[PDB]
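J.: Handing you this structure, nothing more for now.
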Amino acid sequence: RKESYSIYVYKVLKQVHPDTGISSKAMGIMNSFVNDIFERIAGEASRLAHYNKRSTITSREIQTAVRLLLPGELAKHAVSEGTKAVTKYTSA
DNA sequence: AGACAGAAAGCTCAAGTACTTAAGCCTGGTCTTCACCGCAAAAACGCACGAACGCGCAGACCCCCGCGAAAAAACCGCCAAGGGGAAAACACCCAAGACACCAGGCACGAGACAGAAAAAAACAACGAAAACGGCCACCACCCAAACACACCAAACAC
């Protein structure tokens, strides 16, 4: 039962485009994409942590990594989204 | 009132103490110039876990061989337009000069802010029980794959 991001990418698609489906080949592309972005961000956060002699990866490390990797408006909106989500989550 | 005496500062004259020098030149050799202090991190050896090792079974799936339809791939030929060569020329860039700027070097001052130290707690990891989200199995539906018709419209000729 080798695990994947499929259910979520289909949930998000159904939210943004209720009448649009997804081929298996394109679904594979999305899984690869998610995995790749995950590894870019986590790796940058790891480097940041090591440089500053810290042992925990917190939201600050992730935010900075996002700012370093995502170009322009992609970064600005991603940061907004991430901040909104961690705000909503802490205040439950 | 004055005359006598005693008590004074003074003054001088013997003991004790601090300080100084100690011939000129010359030749070799040997020895030594922070010592004792102790943390860093590279390393020794035991102990216990557990990750990877072995080996055995399952079967999935990769290799090989077969025949046919179909198409792309190979070969040949005309030829046109494109790559390349030669030529003009003009004004774009390099070169040389004189005058001047500001980069560079050194200096000192002030202090913002980086690195360290000591405290203190909120936050992450651990063990545990728990149940529901995400996976597999398998069904049915309809998007796009396909074939057949057709109108449309770019191409090139004149």
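We label chains A, B, ... in the order they appear in the structure tokens, count residues from 1 in each chain, and number ligands from 1 in the order shown.
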Output as a VMD selection string the set of chain B residues within 9 Å of chain A, with distances taken over only C-alpha atoms (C1' of nucleotides).

T.: chain B and resid 124 134 to 136

J.: Do a neighbour search on residue A:38 at 12 Å with only C-alpha atoms (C1' of nucleotides), toss out local chain neighbours closer than 6 positions, and write the hits as a PyMOL selection string.

T.: chain A and resi 5+31-32+44-45+62+65-66+69

J.: Suppose we keep C-alpha atoms; can you now write the selection as a PDB file, in the first residue's frame?

T.:
ATOM      1  CA  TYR A   5      -0.694  12.728  -2.243  1.00  0.00           C
ATOM      2  CA  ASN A  31       2.565  13.780  -6.893  1.00  0.00           C
ATOM      3  CA  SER A  32       6.089  14.327  -8.225  1.00  0.00           C
ATOM      4  CA  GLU A  44      16.545  24.736   2.903  1.00  0.00           C
ATOM      5  CA  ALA A  45      15.023  24.766   6.389  1.00  0.00           C
ATOM      6  CA  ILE A  62       9.964  27.260   6.893  1.00  0.00           C
ATOM      7  CA  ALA A  65      12.929  28.901   3.167  1.00  0.00           C
ATOM      8  CA  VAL A  66       9.742  29.810   1.299  1.00  0.00           C
ATOM      9  CA  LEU A  69      12.865  29.502  -2.928  1.00  0.00           C
TER      10      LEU A  69
END

J.: For residue A:28, which residue out of A:15, A:91, A:46, A:6 is the nearest one, using only C-alpha atoms?

T.: A:6

J.: Looking at A:43, A:30, A:72, A:67, which one is nearest to residue A:12, with distances taken over only C-alpha atoms?

T.: A:30

J.: So the first atom is atom CA of residue A:83 and the second is atom CA of residue A:14; what is the distance between them in Å, to one decimal place?

T.: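 Computing it gives 23.9 Å between the two atoms.
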
J.: If you run DSSP on the backbone here, which positions in chain A get alpha helix (DSSP H)? Please write them as a PyMOL selection string.

T.: chain A and resi 6-16+24-51+59-69+73-90

J.: When you count only C-alpha atoms, which of these residues is closest to residue A:63: A:16, A:79, A:92, A:37?

T.: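 Ranked by minimum distance to residue A:63, first place goes to A:79.
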